[PDB]
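Below is one structure, written out as structure tokens, with a few remarks after it.
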Amino acid sequence: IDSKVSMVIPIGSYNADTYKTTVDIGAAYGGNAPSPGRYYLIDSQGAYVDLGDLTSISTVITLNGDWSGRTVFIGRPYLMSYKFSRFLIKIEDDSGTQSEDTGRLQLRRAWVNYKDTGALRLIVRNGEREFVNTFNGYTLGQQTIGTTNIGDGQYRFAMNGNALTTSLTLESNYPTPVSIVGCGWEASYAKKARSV
Amino acid sequence: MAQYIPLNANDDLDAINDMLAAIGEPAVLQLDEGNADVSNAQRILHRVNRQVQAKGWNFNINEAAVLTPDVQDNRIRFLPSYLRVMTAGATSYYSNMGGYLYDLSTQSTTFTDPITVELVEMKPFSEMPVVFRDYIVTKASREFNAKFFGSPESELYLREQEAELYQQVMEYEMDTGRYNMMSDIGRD
Amino acid sequence: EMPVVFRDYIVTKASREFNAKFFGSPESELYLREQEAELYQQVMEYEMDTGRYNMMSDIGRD
Amino acid sequence: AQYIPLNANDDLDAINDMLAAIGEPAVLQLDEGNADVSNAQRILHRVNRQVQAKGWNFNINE
Amino acid sequence: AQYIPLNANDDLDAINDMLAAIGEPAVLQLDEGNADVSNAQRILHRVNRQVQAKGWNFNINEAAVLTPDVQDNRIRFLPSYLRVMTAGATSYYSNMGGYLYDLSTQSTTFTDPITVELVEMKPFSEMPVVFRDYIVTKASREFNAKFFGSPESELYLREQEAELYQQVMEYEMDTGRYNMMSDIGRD
Amino acid sequence: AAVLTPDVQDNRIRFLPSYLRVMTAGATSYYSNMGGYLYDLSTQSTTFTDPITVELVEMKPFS
Amino acid sequence: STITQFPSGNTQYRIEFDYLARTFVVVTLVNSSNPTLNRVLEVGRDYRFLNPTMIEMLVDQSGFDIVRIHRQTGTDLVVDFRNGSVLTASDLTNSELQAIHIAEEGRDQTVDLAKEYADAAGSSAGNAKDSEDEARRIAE
Amino acid sequence: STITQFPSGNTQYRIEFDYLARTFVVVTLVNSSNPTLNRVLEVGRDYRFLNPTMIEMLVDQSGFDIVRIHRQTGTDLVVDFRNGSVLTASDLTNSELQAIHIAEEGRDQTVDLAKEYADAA
Amino acid sequence: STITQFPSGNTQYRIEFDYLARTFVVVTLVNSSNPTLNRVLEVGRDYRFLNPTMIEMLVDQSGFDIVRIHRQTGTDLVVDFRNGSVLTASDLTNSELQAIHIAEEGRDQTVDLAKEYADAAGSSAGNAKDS
Amino acid sequence: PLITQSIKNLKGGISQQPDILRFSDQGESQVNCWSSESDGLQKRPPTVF
Amino acid sequence: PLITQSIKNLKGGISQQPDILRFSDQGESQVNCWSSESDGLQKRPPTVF
């Protein structure tokens with residue numbers, strides 16, 4: 001997250017009537033209101049809450065429960081993006097790059113290798129349609145209760161359409177790390193005239 | 001379960017999971033419309049079911065059915081769940097024209113009294129007998145493999161499986177009806 | 001508003017030409033052929049039950 | 001959990017099945033599109049007209 | 001030096017045998033496992049259900065009494081049924097909305113108990129040995145074909161399958177006698 | 001020729017895992033296993049009261 | 001569907017619902033004329049199981065007319081989750097199934113007592129409504 | 001809630017409550033004078049879906065005044081679990097929502113209908 | 001159970017059923033002679049939670065002879081699942097307990113409410129007919 | 001039949017040449033990413049107040 | 001059929017790069033070993049008091 005700052009909730013714990021506790025985050029930022037934006041509140045285990053759009057006229061928030069005498073973390077999220085290029089038959093021998101520019105090509109599938117990743121999304125847009133795919137850490141049967149999922153593996157999905165209209169994108173705005181290694185694709189080819 | 005039939009099973013999800021197995025990938029786990037594969041598979045399954053149900057078997061044909069005309073303007077509607085319209089033991093001229101029942105012999109669309117015809121209606125996939133369900137699933141898997149992902153070893157086995165299932169379907173068909181030929185004969 | 005089997009037969013026949021004249025694949029073919037043959041025999045079988053066609057009609061005497 | 005379709009139309013379905021032969025996804029409308037949608041309709045119409053003209057028991061009017 | 005196994009179950013061994021075709025070692029339990037263990041069980045169950053429904057001499061029950069309830073006269077259609085037929089005539093029975101439907105009378109209002117001929121389903125570990133071996137071989141062929149196309153693991157399972165099919169046949173032919181020259185006699 | 005006998009408390013006969021084939025010598029037979037007990041499809045019950053005679057094939061050590 | 005009734009006199013009966021354990025099935029004899037004489041049976045001395053979907057009776061059925069079979073699921077939890085352990089599918093499946101079952105019996109029980117009051121009130125309301133208002137409007 | 005009434009003589013209608021499958025919606029025509037004239041429609045022959053929220057009627061409203069729509073959740077599993085797949089939040093959400101919906105309907109519907117009839121009378 | 005009845009004119013009362021939040025419990029007074037007379041109270045100005053199993057009033061009248069306490073569970077997901085968080089046993093437990101509680105809640109109040117609405121409609125029919 | 005191809009590593013940056021002339025490891029856009037030397041693409045480190 | 005491959009010598013050390021990019025001479029861990037130039041892997045010599 002962005003602009004991290006630690007803080008310890010003071011002794012004053014809520015009020016008996018509604019057992020809702022206040023924080024007054026202004027103290028953490030040197031007795032000053034922070035810049036406008038969206039803010040999160042991650043505790044010492046991993047569960048996080050989503051506060052509203054904080055302006056410069058208020059610095060008081062309310063939480064659900066007792067809390068009190070605990071350590072928290074506050075910050076803002078940012079975005080990551082990456083867009084692939086077109087998929088073509090490329091042959092290259094360190095002397096030059098040759099790209100085949102004849103025939104028609106239809107794509108079938110694709111795959112991605114990852115390591116130490118928490119969450120990710122992939123978006124495919126062919127003509128006017130959007131398909132969203134999501135995966136999250138490990139798979140069922142290897143996770144452990146109590147912690148966050150950060151692991152390895154491989155992911156395979158479906159890509160259908162012509163090779164001159166399709167596009168692929170990656171996005172992430174979660175507080176987890178990301179790492180990508182390689183990728184590939186499969187297709188079917190058809191020509192009508194020999195080259196050379 | 002491991003010993004007997006699992007509790008509260010969903011047939012359509014199992015059929016989709018079986019269809020995806022031919023490609024070589026694990027389950028889908030929700031059957032949602034967001035994924036690309038599910039939408040492609042469902043249409044093929046529906047088309048194959050509708051095509052197979054239309055051949056006409058011994059548990060589909062309802063010989064004696066009654067249709068009744070409307071009151072204000074004498075007509076009979078043509079619902080989209082009808083598959084075949086014929087007469088029991090004579091030539092018939094029936095067709096759809098403008099969403100109503102047409103009679104070519106008379107060249108009119110004005111029925112005045114209820115009539116009796118022979119027709120076949122559609123049923124949902126989950127209420128068919130088992131062998132038909134297996135046959136339909138194998139057939140649909142064949143098109144799904146052929147059109148969207150060409151694998152050379154998933155084929156050459158589904159053909160043998162399909163023939164084996166077809167033979168069993170035929171034997172099941174021949175057992176419901178006895179079909180005696182020496183009947184309706186008697187004399188000194 | 002045509003009967004179902006005719007619509008399926010027409011769709012298959014059209015798909016064959018569409019595949020042939022614009023994208024030549026060797027695996028999408030070799031299947032539509034047998035499907036078309038099966039639909040053809042089904043269409044003929046359906047057509048044969050609409051009429052009875054009894055050849056022994058208009059014949060009678062002692 | 002039967003598959004209840006949304007906004008079903010016969011012509012759009014026929015075009016969608018004809019497109020599936022190559023391996024492209026479906027569409028939602030026919031008013032605007034690329035060349036393929038404008039190439040399938042001609043073939044479909046020609047095949048329909050050719051097939052209907054053979055003469056069947058429910059067409060011939062004496 | 002006879003081989004006595006440790007903690008044997010008639011299902012885990014089948015799963016292990018179905019894994020042996022690919023060439024992987026055995027396991028010790030079915031609670032935690034990778035995808036393969038979750039991919040074999042579906043095929044095994046489907047093949048078992050398909051094979052059991054063909055109809056044999058120890059399944060067919062000619063006499064069986066179905067009875068209606070007391071509140072709303074009807075008969076339910078359980079998911080363990082496989083075939084419903086009449087003994088010596090023609091039958092029109094089907095399932096409509098989880099109930100028994102008769103096409104002749106076009107109703108579901110049975111009022112008296114009926115006698116029919118049906119076939120039910122049994123668990124895997126209560127069948128004769130040859131049937132279990134045949135089912136396991138049939139499942140192994142498909143499992144090998146769909147995931148790992150080895151060219152030498154095949155060409156042998158077919159040879160075994162034909163031999164097992166034969167043995168099943170002469171097993172069936174011995175339980176029943178089927179003497180054609182019966183109910184015939186005079187001078 | 002082989003003899004099987006039921007127990008005393010109830011009237012059932014067990015189905016040991018060392019049995020391979022159970023048939024009657026010169027007639028048709030309906031025998032099977034249901035819950036580790038002997039079942040007769042003809043009478044639709046698992047309650048035998050007197051010892052019976054059948055033929056069967058058992059297992060032997062490899063050596 | 002969780003409640004079934006059959007005529008008395010036979011020796012063999014069928015079960016027509018799913019269950020998670022063999023202690024969740026109850027068998028009761030019913031006397032329609034005097035409902036104060038019903039009796040409950042116990043496994044091991046009154047009836048025995050044969051296969052997972054069918055039972056047999058071992059007692060005398062005299063002075064009774066209906067045999068009733070219904071399901072009654074317990075309330076205690078089945079799977080206990082603890083920190084620091086591997087997550088598996090079977091636990092989730094059992095946990096979901098228990099709640100779905102219990103909701104089924106709850107709805108099936110409540111609808112029975114609901115319907116008669118519901119439709120009686122509705123019919124009386126409608127009859128009063130029209131028979132009063134149209135009559136008065138025609139009178140005026 | 002889980003029940004709604006509308007006046008007759010229209011072409012389109014809207015669904016406000018939530019559902020997990022498209023086969024859990026029931027439509028019924030209502031006659032105020034005589035309850036015994038109530039009839040239940042059927043999908044495809046009488047109505048069809050345009051968008052996930054609105055339906056179209058294809059029958060004539062001749063002798064009826066009230067259109068009633070309610071929800072009845074099924075009893076089959078919507079989400080299954082198998083080892084080796086990918087787990088997300090929506091699966092758990094739906095798995096909880098099904099069991100919540102069944103009980104909510106079974107507690108509310110009849111009382112709501114009785115309230116409606118009494119306050120209409 | 002789920003519904004409890006206590007006499008009035010007492011300083012302390014107790015609750016005998018579990019709950020998932022403090023906003024589910026409902027407190028109201030009751031006048032036997034006048035069914036219409038009951039009045040429902042609310043938190044803060046009328047009662048306070050001293051102990052999780054203890055309830056203390058603030059103001060008490062005399063025309064109301066008895067009190068009523070019962071549970072009212074909501075139909076909203078108490079737990080929330082999001083991508084990129086942790087899973088705890090308490091969440092899984094509470095998600096299951098919610099529907100279970102709703103079951104026996106409805107199984108109790110439904111039949112009692114039905115008769116009251118039915119005979120209210122009947123009385124409306126009666127006075128509409130006679131006058 | 002089917003053909004396939006793979007990309008070993010993603011170390012190049014963006015490019016603006018016509019698509020026929022690009023290399024096999026150059027993309028189209030890249031925002032808030034770090035091209036390490038032995039771990040592939042990552043997310044840029046956070047910021048402390 | 002069957003395919004095969006062989007490794008001539010083990011002289012490289014450990015490596016921490018992804019497995020797709022490693023050479024054929026680099027392992028994963030190596031404790032108390034001596035990589036001579038003509039005898040392959042050995043065990044380190046002892047110590048005297």
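Simple scheme: letters A, B, ... for chains in structure tokens order, numbers from 1 for residues in each chain, numbers from 1 for ligands in the order shown.
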
As a tab-separated table (two decimals) with N, CA and C atoms, in the first residue's frame, please: chain K after a least-squares superposition onto chain J using all C-alpha atoms matched in order.
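This went into superposed26.tsv:
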```tsv
chain	number	residue	atom	x	y	z
K	1	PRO	N	-3.24	-29.74	-38.26
K	1	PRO	CA	-2.92	-30.01	-36.86
K	1	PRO	C	-2.71	-28.74	-36.05
K	2	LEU	N	-2.02	-28.86	-34.92
K	2	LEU	CA	-1.80	-27.75	-34.01
K	2	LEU	C	-0.32	-27.39	-33.95
K	3	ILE	N	-0.04	-26.09	-33.93
K	3	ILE	CA	1.31	-25.58	-33.75
K	3	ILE	C	1.35	-24.77	-32.46
K	4	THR	N	2.56	-24.54	-31.96
K	4	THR	CA	2.72	-23.86	-30.69
K	4	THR	C	4.06	-23.14	-30.65
K	5	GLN	N	4.18	-22.23	-29.69
K	5	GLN	CA	5.40	-21.46	-29.49
K	5	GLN	C	5.39	-20.94	-28.06
K	6	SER	N	6.56	-20.55	-27.57
K	6	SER	CA	6.71	-20.12	-26.19
K	6	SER	C	7.66	-18.94	-26.11
K	7	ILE	N	7.57	-18.20	-25.01
K	7	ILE	CA	8.43	-17.05	-24.74
K	7	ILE	C	9.18	-17.33	-23.45
K	8	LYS	N	10.51	-17.17	-23.49
K	8	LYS	CA	11.33	-17.57	-22.36
K	8	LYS	C	11.30	-16.54	-21.24
K	9	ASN	N	11.49	-15.27	-21.57
K	9	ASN	CA	11.58	-14.24	-20.55
K	9	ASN	C	11.01	-12.93	-21.08
K	10	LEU	N	10.48	-12.12	-20.17
K	10	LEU	CA	9.93	-10.80	-20.51
K	10	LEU	C	10.82	-9.75	-19.86
K	11	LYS	N	11.80	-9.26	-20.61
K	11	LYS	CA	12.74	-8.27	-20.08
K	11	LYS	C	12.76	-6.98	-20.88
K	12	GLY	N	12.33	-7.00	-22.13
K	12	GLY	CA	12.24	-5.77	-22.89
K	12	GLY	C	11.12	-4.88	-22.41
K	13	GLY	N	11.19	-3.62	-22.79
K	13	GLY	CA	10.18	-2.64	-22.44
K	13	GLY	C	9.12	-2.51	-23.51
K	14	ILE	N	8.54	-1.32	-23.61
K	14	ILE	CA	7.54	-1.04	-24.63
K	14	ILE	C	8.23	-0.68	-25.94
K	15	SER	N	7.47	-0.65	-27.03
K	15	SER	CA	7.99	-0.24	-28.33
K	15	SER	C	6.87	0.40	-29.13
K	16	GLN	N	7.25	1.30	-30.04
K	16	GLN	CA	6.28	2.03	-30.85
K	16	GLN	C	6.48	1.79	-32.34
K	17	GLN	N	7.23	0.77	-32.71
K	17	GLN	CA	7.42	0.39	-34.10
K	17	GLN	C	6.28	-0.48	-34.58
K	18	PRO	N	6.09	-0.62	-35.89
K	18	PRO	CA	5.04	-1.51	-36.40
K	18	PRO	C	5.26	-2.94	-35.94
K	19	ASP	N	4.15	-3.66	-35.76
K	19	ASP	CA	4.19	-4.96	-35.09
K	19	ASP	C	4.99	-5.99	-35.86
K	20	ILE	N	5.11	-5.83	-37.18
K	20	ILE	CA	5.85	-6.79	-37.99
K	20	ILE	C	7.33	-6.82	-37.65
K	21	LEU	N	7.88	-5.72	-37.14
K	21	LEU	CA	9.31	-5.59	-36.91
K	21	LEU	C	9.73	-5.78	-35.46
K	22	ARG	N	8.80	-5.92	-34.52
K	22	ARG	CA	9.17	-6.01	-33.12
K	22	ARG	C	9.85	-7.34	-32.81
K	23	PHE	N	10.49	-7.39	-31.65
K	23	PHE	CA	11.07	-8.62	-31.13
K	23	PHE	C	9.99	-9.39	-30.38
K	24	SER	N	10.36	-10.49	-29.72
K	24	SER	CA	9.43	-11.28	-28.94
K	24	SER	C	9.41	-10.91	-27.47
K	25	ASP	N	10.22	-9.93	-27.06
K	25	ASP	CA	10.33	-9.54	-25.66
K	25	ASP	C	9.73	-8.17	-25.38
K	26	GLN	N	9.17	-7.51	-26.39
K	26	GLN	CA	8.72	-6.13	-26.28
K	26	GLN	C	7.20	-6.07	-26.34
K	27	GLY	N	6.60	-5.43	-25.34
K	27	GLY	CA	5.16	-5.34	-25.25
K	27	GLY	C	4.60	-4.06	-25.85
K	28	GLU	N	3.49	-3.57	-25.29
K	28	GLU	CA	2.85	-2.37	-25.78
K	28	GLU	C	2.75	-1.25	-24.76
K	29	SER	N	2.48	-1.55	-23.49
K	29	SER	CA	2.50	-0.55	-22.44
K	29	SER	C	2.90	-1.23	-21.14
K	30	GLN	N	3.43	-0.44	-20.20
K	30	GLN	CA	3.94	-0.99	-18.95
K	30	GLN	C	3.91	0.12	-17.91
K	31	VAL	N	3.01	-0.01	-16.93
K	31	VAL	CA	2.83	0.98	-15.88
K	31	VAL	C	3.04	0.31	-14.53
K	32	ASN	N	3.88	0.93	-13.70
K	32	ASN	CA	4.15	0.47	-12.34
K	32	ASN	C	4.64	-0.98	-12.34
K	33	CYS	N	5.77	-1.20	-13.00
K	33	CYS	CA	6.39	-2.51	-13.06
K	33	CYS	C	7.89	-2.37	-12.89
K	34	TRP	N	8.51	-3.44	-12.39
K	34	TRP	CA	9.95	-3.48	-12.17
K	34	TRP	C	10.50	-4.72	-12.86
K	35	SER	N	11.43	-4.51	-13.80
K	35	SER	CA	11.97	-5.60	-14.61
K	35	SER	C	13.29	-6.06	-14.00
K	36	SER	N	13.19	-6.94	-13.01
K	36	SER	CA	14.38	-7.49	-12.37
K	36	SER	C	15.10	-8.42	-13.34
K	37	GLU	N	16.25	-8.93	-12.91
K	37	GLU	CA	17.09	-9.77	-13.75
K	37	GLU	C	17.00	-11.25	-13.41
K	38	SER	N	16.31	-11.62	-12.33
K	38	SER	CA	16.23	-13.03	-11.98
K	38	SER	C	14.84	-13.47	-11.51
K	39	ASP	N	13.85	-12.58	-11.52
K	39	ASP	CA	12.53	-12.93	-11.01
K	39	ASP	C	11.42	-12.51	-11.96
K	40	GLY	N	11.78	-11.97	-13.12
K	40	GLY	CA	10.76	-11.51	-14.04
K	40	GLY	C	10.06	-10.25	-13.55
K	41	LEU	N	8.88	-10.02	-14.12
K	41	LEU	CA	8.10	-8.85	-13.75
K	41	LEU	C	7.65	-8.92	-12.30
K	42	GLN	N	7.57	-7.75	-11.66
K	42	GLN	CA	7.13	-7.63	-10.28
K	42	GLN	C	6.31	-6.36	-10.15
K	43	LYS	N	5.97	-6.02	-8.91
K	43	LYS	CA	5.31	-4.77	-8.59
K	43	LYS	C	6.27	-3.86	-7.82
K	44	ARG	N	6.20	-2.56	-8.11
K	44	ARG	CA	7.14	-1.63	-7.51
K	44	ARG	C	6.91	-1.53	-6.00
K	45	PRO	N	7.97	-1.31	-5.22
K	45	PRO	CA	7.83	-1.27	-3.76
K	45	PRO	C	7.05	-0.05	-3.31
K	46	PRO	N	6.49	-0.08	-2.11
K	46	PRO	CA	5.69	1.05	-1.62
K	46	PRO	C	6.57	2.19	-1.10
K	47	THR	N	5.90	3.21	-0.57
K	47	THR	CA	6.55	4.40	-0.04
K	47	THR	C	6.10	4.61	1.40
K	48	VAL	N	7.02	5.03	2.26
K	48	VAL	CA	6.75	5.26	3.67
K	48	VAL	C	6.70	6.76	3.94
K	49	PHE	N	5.94	7.15	4.95
K	49	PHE	CA	5.72	8.55	5.30
K	49	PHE	C	6.69	8.99	6.39
```

Excluding range 32-44 of chain I and its own-chain neighbours fewer than 2 positions away, which residues fall within 12 Å of it when counting only C-alpha atoms? Please give them as a short mmCIF file (atom, residue, chain, number, x, y, z; two decimals) with N, CA, C and O atoms, in the first residue's frame.
```cif
data_model
loop_
_atom_site.label_atom_id
_atom_site.label_comp_id
_atom_site.auth_asym_id
_atom_site.auth_seq_id
_atom_site.Cartn_x
_atom_site.Cartn_y
_atom_site.Cartn_z
N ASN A 15 -18.06 3.00 23.33
CA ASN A 15 -19.03 3.42 24.35
C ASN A 15 -20.01 2.27 24.52
O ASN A 15 -20.40 1.63 23.54
N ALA A 16 -20.41 2.02 25.77
CA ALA A 16 -21.20 0.84 26.12
C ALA A 16 -22.49 0.73 25.31
O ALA A 16 -22.93 -0.38 24.99
N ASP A 17 -23.12 1.86 24.99
CA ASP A 17 -24.42 1.86 24.34
C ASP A 17 -24.42 1.15 22.99
O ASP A 17 -25.31 0.34 22.71
N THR A 18 -23.43 1.44 22.15
CA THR A 18 -23.37 0.89 20.80
C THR A 18 -22.09 0.10 20.54
O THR A 18 -21.92 -0.39 19.42
N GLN I 5 -41.81 -15.24 28.35
CA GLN I 5 -42.76 -14.38 29.04
C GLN I 5 -42.38 -14.27 30.51
O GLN I 5 -42.14 -15.27 31.19
N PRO I 7 -43.29 -11.86 34.27
CA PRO I 7 -44.14 -10.85 34.91
C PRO I 7 -43.40 -9.52 35.05
O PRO I 7 -42.17 -9.47 35.10
N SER I 8 -44.18 -8.45 35.10
CA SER I 8 -43.63 -7.11 35.28
C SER I 8 -43.36 -6.86 36.76
O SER I 8 -43.50 -7.75 37.61
N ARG I 22 -26.15 -7.90 19.34
CA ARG I 22 -27.00 -7.28 20.34
C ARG I 22 -28.21 -6.57 19.76
O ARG I 22 -29.08 -6.13 20.52
N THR I 23 -28.30 -6.44 18.44
CA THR I 23 -29.43 -5.80 17.79
C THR I 23 -30.53 -6.78 17.40
O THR I 23 -31.55 -6.36 16.85
N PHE I 24 -30.34 -8.07 17.66
CA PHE I 24 -31.33 -9.08 17.31
C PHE I 24 -32.39 -9.25 18.39
O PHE I 24 -33.55 -9.52 18.08
N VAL I 25 -32.01 -9.09 19.66
CA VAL I 25 -32.97 -9.23 20.75
C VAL I 25 -33.97 -8.08 20.70
O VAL I 25 -33.63 -6.93 20.39
N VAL I 26 -35.23 -8.39 21.00
CA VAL I 26 -36.32 -7.42 20.97
C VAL I 26 -37.02 -7.42 22.31
O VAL I 26 -37.35 -8.48 22.86
N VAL I 27 -37.25 -6.22 22.86
CA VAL I 27 -37.87 -6.04 24.16
C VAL I 27 -39.16 -5.24 23.99
O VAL I 27 -39.16 -4.20 23.33
N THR I 28 -40.24 -5.73 24.58
CA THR I 28 -41.52 -5.04 24.52
C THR I 28 -42.32 -5.32 25.79
O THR I 28 -42.13 -6.35 26.45
N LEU I 29 -43.27 -4.43 26.08
CA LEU I 29 -44.17 -4.65 27.25
C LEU I 29 -45.48 -5.24 26.72
O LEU I 29 -45.62 -5.32 25.48
N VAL I 30 -46.39 -5.65 27.61
CA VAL I 30 -47.65 -6.32 27.16
C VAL I 30 -48.78 -6.02 28.14
O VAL I 30 -48.52 -6.09 29.36
N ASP I 46 -34.22 3.33 27.59
CA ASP I 46 -35.11 2.47 28.35
C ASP I 46 -34.43 1.28 29.00
O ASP I 46 -34.89 0.84 30.06
N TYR I 47 -33.35 0.75 28.42
CA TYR I 47 -32.67 -0.38 29.03
C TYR I 47 -31.22 -0.40 28.56
O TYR I 47 -30.87 0.19 27.53
N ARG I 48 -30.38 -1.09 29.32
CA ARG I 48 -28.95 -1.17 29.04
C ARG I 48 -28.47 -2.59 29.27
O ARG I 48 -29.04 -3.34 30.06
N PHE I 49 -27.40 -2.95 28.56
CA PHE I 49 -26.77 -4.26 28.70
C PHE I 49 -25.63 -4.17 29.71
O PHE I 49 -24.55 -3.68 29.38
N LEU I 50 -25.88 -4.64 30.93
CA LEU I 50 -24.83 -4.70 31.94
C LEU I 50 -23.97 -5.93 31.69
O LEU I 50 -22.77 -5.81 31.42
N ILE I 55 -30.18 -7.93 31.68
CA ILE I 55 -30.87 -6.77 31.14
C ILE I 55 -31.47 -5.98 32.29
O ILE I 55 -32.04 -6.55 33.23
N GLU I 56 -31.30 -4.66 32.24
CA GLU I 56 -31.78 -3.75 33.28
C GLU I 56 -32.58 -2.64 32.62
O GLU I 56 -32.11 -2.00 31.68
N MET I 57 -33.79 -2.40 33.13
CA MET I 57 -34.64 -1.37 32.55
C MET I 57 -34.22 0.00 33.06
O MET I 57 -33.33 0.12 33.91
N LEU I 58 -34.88 1.04 32.55
CA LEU I 58 -34.72 2.39 33.08
C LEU I 58 -36.02 2.98 33.59
O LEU I 58 -36.04 3.61 34.65
N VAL I 59 -37.12 2.79 32.86
CA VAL I 59 -38.43 3.30 33.25
C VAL I 59 -39.44 2.15 33.19
O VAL I 59 -39.36 1.29 32.30
N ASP I 60 -40.36 2.12 34.15
CA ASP I 60 -41.39 1.10 34.20
C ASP I 60 -42.73 1.74 34.53
O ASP I 60 -42.81 2.62 35.38
N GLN I 61 -43.78 1.29 33.84
CA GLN I 61 -45.14 1.75 34.05
C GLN I 61 -45.87 0.73 34.93
O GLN I 61 -45.25 -0.23 35.42
N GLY I 63 -49.66 0.12 34.08
CA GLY I 63 -50.78 -0.41 33.32
C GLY I 63 -50.42 -1.66 32.55
O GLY I 63 -51.30 -2.44 32.16
N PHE I 64 -49.13 -1.88 32.31
CA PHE I 64 -48.66 -3.07 31.61
C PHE I 64 -48.28 -4.12 32.64
O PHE I 64 -47.44 -3.86 33.51
N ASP I 65 -48.89 -5.30 32.54
CA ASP I 65 -48.76 -6.30 33.59
C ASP I 65 -47.63 -7.29 33.36
O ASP I 65 -47.12 -7.85 34.34
N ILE I 66 -47.24 -7.54 32.11
CA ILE I 66 -46.22 -8.54 31.80
C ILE I 66 -45.32 -8.03 30.68
O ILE I 66 -45.59 -7.00 30.05
N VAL I 67 -44.23 -8.75 30.45
CA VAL I 67 -43.24 -8.38 29.45
C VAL I 67 -43.00 -9.57 28.53
O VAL I 67 -43.31 -10.72 28.86
N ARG I 68 -42.44 -9.28 27.35
CA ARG I 68 -42.15 -10.31 26.36
C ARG I 68 -40.76 -10.09 25.78
O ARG I 68 -40.39 -8.96 25.45
N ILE I 69 -40.00 -11.18 25.66
CA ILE I 69 -38.67 -11.16 25.06
C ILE I 69 -38.59 -12.28 24.03
O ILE I 69 -38.96 -13.42 24.32
N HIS I 70 -38.10 -11.95 22.84
CA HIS I 70 -37.97 -12.93 21.77
C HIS I 70 -36.85 -12.49 20.82
O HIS I 70 -36.41 -11.34 20.83
N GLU I 116 -53.65 -14.82 14.18
CA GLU I 116 -54.02 -13.45 14.49
C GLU I 116 -54.40 -12.70 13.22
O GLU I 116 -55.43 -12.00 13.18
#
```

(message) Applying 6 Å and only C-alpha atoms, which residues near residue 103 in chain B remain after dropping the ones on its own chain fewer than 2 positions away? List them as a VMD selection string.
(response) chain B and resid 93 to 94 105 to 107

If the cut-off is 9 Å, can you tell me the residues of chain B near chain J, counting only C-alpha atoms? I'd like them as a PDB file with C-alpha atoms, in the first residue's frame.
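The result, written out as part24.pdb:
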```pdb
ATOM      1  CA  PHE B 149      -9.784 -27.952 -30.085  1.00  0.00           C
ATOM      2  CA  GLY B 150      -8.335 -30.592 -32.387  1.00  0.00           C
ATOM      3  CA  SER B 151      -6.801 -33.469 -30.433  1.00  0.00           C
ATOM      4  CA  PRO B 152      -5.677 -36.590 -32.335  1.00  0.00           C
TER       5      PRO B 152
END
```

Just want the 8 Å neighbourhood of residue 96 in chain B, counted on only C-alpha atoms, with same-chain residues fewer than 4 positions away dropped. Output as a compact mmCIF listing (two decimals) with C-alpha atoms, in the first residue's frame.
```txt
# COMPACT_ATOMS: atom_id res chain seq x y z
CA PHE B 78 -48.52 -23.51 -33.25
CA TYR B 100 -51.27 -20.99 -36.98
CA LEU B 101 -52.26 -24.45 -38.20
CA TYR B 102 -52.66 -24.76 -41.97
CA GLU C 1 -41.37 -21.92 -40.17
CA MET C 2 -39.94 -25.07 -41.78
```

(message) Let me make sure I understand: among A:83, A:139, A:95, A:190, which one has the smallest atom-to-atom distance to residue 26 in chain B if we use only C-alpha atoms?
(response)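 Of A:83, A:139, A:95, A:190, the one nearest residue 26 in chain B, counting only C-alpha atoms, is A:139.
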
(request) Would you list, as an MDAnalysis selection string, the residues of range 19-106 of chain H that end up in strand (DSSP E) under DSSP run on this structure's backbone? (result) chainID H and resid 25:30 39:40 47:51 54:57 66:71

(request) Determine, counting only C-alpha atoms, which protein, DNA and RNA residues have an atom within 9 Å of an atom of range 73-87 of chain H; residues of the same chain fewer than 5 positions away are not included. Present the result as an MDAnalysis selection string. (result) (chainID A and resid 134:142) or (chainID B and resid 8:10 13 26:31) or (chainID D and resid 1) or (chainID E and resid 32:38) or (chainID G and resid 88:90 92:93 97 100:101 104) or (chainID H and resid 19:21 23:25 92 94:95 98 101:102 105)

(request) Using CA of residue 151 in chain E and CA of residue 165 in chain B as the two end points, give the distance in Å to one decimal. (result) 25.2 Å
